[PDB]
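Contents: one structure, followed by commentary.
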2 protein chains.
Amino acid sequence: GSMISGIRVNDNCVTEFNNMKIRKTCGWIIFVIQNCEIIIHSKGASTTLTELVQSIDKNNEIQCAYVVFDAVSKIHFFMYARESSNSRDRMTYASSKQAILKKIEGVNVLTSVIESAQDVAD
Amino acid sequence: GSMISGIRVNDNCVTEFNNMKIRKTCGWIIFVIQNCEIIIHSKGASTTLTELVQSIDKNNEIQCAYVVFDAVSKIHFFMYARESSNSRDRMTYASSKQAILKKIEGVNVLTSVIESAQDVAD
């Protein structure tokens with residue numbers, strides 16, 4: 001069996017995600033794992049997705065995270081893991097990605113991990 | 001806050017530990033973390049502590065673990081982490097050591113992490 005499993009999304013994640021989707025009071029949310037729970041790290045107003053990831057790149061408090069970004073036509077969801085992140089941290093974020101995806105609906109799930117702002121130049 | 005926390009010792013760990021202490025049906029137990037719970041990896045008959053750690057050294061299924069060894073005069077408890085183990089795995093085993101120590105009583109807690117059989121030549 002795996003060392004880490006059964007990590008859970010707290011209700012507040014779904015609450016704020018729905019605030020974003022329905023009430024449009026923010027344009028992005030960053031989720032992290034703390035105390036074996038997925039919680040909200042921060043949220044804010046959408047400029048561009050590139051600008052969001054640039055901010056994340058410069059914020060060393062964030063090693064890995066799940067991110068949603070309201071691009072209006074779609075809400076993108078992705079895992080972020082900076083190149084310098086620890087492989088074992090990446091493994092637990094990877095395995096817990098399914099947990100947050102079960103709790104939030106209506107997102108476009110990106111097919112690649114985002115490591116830096118270069119990766120979102122699509 | 002920390003990524004991982006609140007890892008719990010399942011009842012069976014205490015049950016078997018007491019079997020060892022009271023009924024002397026084994027002389028050592030190896031505990032690991034699986035699915036965010038501390039469980040029993042294996043148990044067996046005591047030869048020497050050096051021989052136990054030599055076996056652990058050769059068993060690649062074990063990266064880190066908590067170990068108890070009945071030396072008759074004392075029951076030693078220690079964390080094992082092979083030199084090649086991952087630093088983040090060591091961190092979560094380290095932080096969860098207090099959890100198993102609260103559940104088991106009457107052990108001599110070693111002051112150093114054991115990395116190989118050389119470390120127990122005391």
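Chain lettering (A, B, ...) mirrors the order of the structure tokens, residue numbering begins at 1 for each chain separately, and ligand numbering begins at 1 in order of display.
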
Quiz item: If we count only C-alpha atoms, what is near residue 106 in chain B at a cut-off of 9 Å, once residues fewer than 6 positions away on the same chain are taken out, given as an MDAnalysis selection string?
Solution: chainID B and resid 21 74:75

Expected file: the selected residues, N, CA, C and O atoms, as a short mmCIF file (atom, residue, chain, number, x, y, z; two decimals), in the first residue's frame:
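Result saved to selection_17.cif:
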```cif
data_model
loop_
_atom_site.label_atom_id
_atom_site.label_comp_id
_atom_site.auth_asym_id
_atom_site.auth_seq_id
_atom_site.Cartn_x
_atom_site.Cartn_y
_atom_site.Cartn_z
N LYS B 21 5.29 -7.87 24.93
CA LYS B 21 5.72 -7.49 26.27
C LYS B 21 5.29 -8.49 27.35
O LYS B 21 6.06 -8.83 28.24
N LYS B 74 15.41 -4.45 28.72
CA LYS B 74 14.72 -3.28 28.19
C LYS B 74 14.11 -3.66 26.86
O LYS B 74 14.58 -4.59 26.20
N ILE B 75 13.08 -2.93 26.45
CA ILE B 75 12.61 -2.97 25.08
C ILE B 75 13.03 -1.69 24.37
O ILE B 75 12.55 -0.61 24.70
#
```

Practice problem: Tell me the residues of chain A close to chain B, meaning within 9 Å using only C-alpha atoms, as a PyMOL selection string. | Solution: chain A and resi 1-7+32-37+86-89

Exercise. Please provide the set of residues having any atom within 12 Å of residue 54 in chain A, restricted to only C-alpha atoms, with same-chain residues fewer than 4 positions apart removed, written as a count of residues only.
Key: 18

Exercise. List every residue of range 44-78 of chain B that DSSP, applied to the backbone, labels as strand (DSSP E), and write the result as number ranges by chain.
Key: B: 44, 64-70, 75-78

Practice problem: as number ranges by chain, list the residues of chain B assigned to helix (DSSP H, G or I) by DSSP on the backbone atoms of this structure. | Solution: B: 11-23, 49-58, 87-103, 117-120

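If you count only C-alpha atoms and ignore residues fewer than 6 places along the chain from residue 76 in chain A, what sits within 7 Å of it is residues 68, 69, 70, 107, 108, 109 and 110 of chain A.
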
Quiz item: B:113, B:29, B:101, B:79: which is nearest residue 16 in chain B, counting only C-alpha atoms?
Solution: B:29

Exercise. Figure out the distance between CA of residue 9 in chain A and CA of residue 41 in chain B, please, to one decimal in Å.
Key: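 Pair CA of residue 41 in chain B / CA of residue 9 in chain A returns 29.0 Å.
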